[PDB]
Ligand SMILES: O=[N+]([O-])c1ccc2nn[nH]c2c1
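As structure tokens, one chain now follows by itself in the form deposited without this ligand.
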């Protein structure tokens, strides 16, 4: 029908994107829909640490290469990540107890991934899910072994490896302005940037329940108050896929000058991690749902 990526670009934004990987691109109607309607792809899993560095210094790029090549052939922007995240670490990393060893391991992981795709990746998620719900820093292996400096080190290393890429910190439950995690990330990002840490963006990994879209209208401007050049909505899904919720999230990005775009968590409902809540923009027959059409209408006006 109409392409939400074409329409969001016409309104002055950079992209409407989607997460995918080789499996999805070879099944269903995912590749055709991504071709037609989305302008940026992100790897679901193929750039995570367990997929890319299964033993120390030994890298596996087959799945990531597939995605990057597909994106280049189809004219799509590419996001990558997450470089430093606790949730998909191989066991060899989480069993390092020495500060200097872990620092060197982290730097090598960052530099190797970013160098391989130098110049081809628009945005990297450098650090993900670093905050507890109360706003304190999450006690991961990186925090416990390296200390709080692991975040500055990660960003400084990434900037040196590919100065072209935008470097983001990413987290979830940043969907309400009054939630403690939201103000905490704003405060810390301000403090890090004032100390010279090159954080270009905050990516809000937006997983909503029904009715929560309205709150993003205040949360996203609050995130933008940290002063990063960019913010973005990442891995968006909404239980029930109400047009009202989806349009509120889109309008939050339109209202925030530094919001560069929106990425949804997948294409079609049956491939969602919460498929019973039918939370995506295409149904199990790959047809656009009412929320997709409502976004089109909102962007035309």
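Positions refer to the first chain, counted from 1.
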29 to 37 versus 47 to 55: which one carries the higher mean Cα B factor per the record? 47 to 55
Looking at the deposited entry, does 58 to 66 or 236 to 244 carry the larger mean Cα B-factor? 58 to 66
If you compare 171, 125, 98, 200, which has the highest Cα B-factor in the entry? 98
Given 78, 208, 220, 93, the residue at which the Cα B factor reaches its maximum: 93
Quick one: classify residue 20 as lowest, middle or highest third of the chain based on its Cα B-factor. lowest
Which third, lowest, middle or highest, does the C-alpha temperature factor of residue 251 belong to within its own chain? middle
Is residue 1 in the lowest, middle or highest third of its chain when residues are ranked by C-alpha B-factor? highest
What third of its chain, lowest, middle or highest, does the C-alpha temperature factor of residue 289 fall into? middle
Entry-reported C-alpha B-factor of residue 9 relative to its chain, by third, is middle
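Only in words, not in the display: the form solved in complex with this ligand, which the text now covers.
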Taking heavy atoms only, is residue 264 within 4.5 angstroms of this ligand in the entry with it bound? yes
Taking heavy atoms and a 4.5 Å cut-off, does residue 38 contact this ligand in the entry with it bound? no
Using heavy atoms and a 4.5 Å limit, would one call residue 150 a contact residue for this ligand in the entry with it bound? no
If you check in the entry with it bound, is residue 14 within 4.5 Å of this ligand, heavy atoms only? no
Just to be sure I understand the contacts: of 245, 44, 53, 271, which is the one whose heavy atoms reach within 4.5 angstroms of this ligand in the entry with it bound? 44
So this ligand isn't shown here. In the entry with it bound, which residue out of 162, 230, 171, 125 has a non-hydrogen atom within 4.5 Å of it? 125
Choose from 44 to 52, 29 to 37, 250 to 258, 58 to 66 the stretch whose residues reach within 4.5 Å of this ligand in the entry with it bound, heavy atoms counted. 44 to 52
